[PDB]
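Let's start with one chain on its own, the form deposited in one PDB entry, as structure tokens.
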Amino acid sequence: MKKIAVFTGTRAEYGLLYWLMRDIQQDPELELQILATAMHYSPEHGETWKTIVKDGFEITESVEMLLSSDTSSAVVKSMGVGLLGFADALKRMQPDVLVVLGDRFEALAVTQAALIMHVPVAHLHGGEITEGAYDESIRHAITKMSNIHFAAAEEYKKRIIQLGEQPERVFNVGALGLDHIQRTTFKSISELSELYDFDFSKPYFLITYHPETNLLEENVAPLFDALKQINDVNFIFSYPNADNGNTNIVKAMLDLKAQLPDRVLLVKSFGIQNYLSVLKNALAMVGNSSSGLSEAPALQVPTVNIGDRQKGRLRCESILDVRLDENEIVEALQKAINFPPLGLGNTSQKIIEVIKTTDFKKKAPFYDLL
């Protein structure tokens, strides 16, 4: 009975890890532990740890750590509190394996805590290329302190190889989140249209434009005016998150809903099942969400990628890359109406297979390229 502890710090990342947690919980050979921390205990986001409990899981250890502040100094302090909690948490849990996904600073903290305390780390989504002040550097740092690696694609795996990891410790298992695509029973057009009292049979664009944190120059107009110049198609939207530019986007939306209440639908939180059901019958996922570069291509729905929020990500034919001016965009919406590396969506079982069949208690020797 191997103890596999899954680390989770945010609602979205937990949504990525959901099916792996479910599979471990279902498997009688593997005991699932959970270490929930960071934004799961922020009132800002509604204490999303309760969601973990409502989906049927038991939080083994909880570490509140986030300071109530927007300074970087307070992020360092939050990381210190995180380390102090993770010391006793891992001390009590004694996991056989710790699962860490992504590149957030709390994941770096728990990764180094596991390194010092000899808890082998399985890192998910290593070797990728993103944007930000430091998210990528942190991602590679987490890679170097992890014992086994589950990359979402072959080039990510090979960049992990270049990072010094031995090839027998890196596995291309696809993107874990896409398991939802494989395991969702989708809602029909009828069901979506009666649950939201809005007709989905008429063609619709689905959009999630999240605030570009560094792009302070967030003129919101260049796209939605471009949605007024394209007719015949409805606009269904869900709401952005909590960054710097949240309101200036949200009202850009709501006035293009006040202007045409008979072409626009506003959904606060979709839920992964209804979200994928809405995206499934779309002519385009447009915006800068990561769903545009994974879930939309896996559903054979084209995506028109606006801005550089998703720069560095694997591109595919369904991706149509554009900026935030009006011209170049509409050719891309039409270019959606006129017509994969990340895998199919069985990532959880591949990960479990590797964990059951591979010894990785020790960090393998550094791998030098000839």
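Just count from 1 along the sequence shown to find any residue number. For the two forms, the rigid core is made up of the largest set of C-alpha atoms that agree within 1.5 Å on superposition.
Below, we turn to the form deposited in another entry, even though it does not appear here.
**Q** Just one of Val278, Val121, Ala107, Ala152 has a C-alpha that shifts by 2 Å or more between the shown form and the other one on a rigid core fit; which is it?
**A** Going through each option, the one that shifts is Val278.
**Q** Kindly check if the Cα atom of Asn219 is displaced 2 angstroms or more between the shown form and the other one relative to the superposed rigid core.
**A** It does shift by 2 Å or more.
**Q** Against the rigid core, is the Cα displacement of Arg92 between the shown form and the other one at least 2 Å?
**A** No; that C-alpha moves by less than 2 Å between the shown form and the other one.
**Q** Once the core is superposed between the shown form and the other one, does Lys77 show a C-alpha displacement of at least 2 Å?
**A** Stays below the 2 Å threshold, so no.
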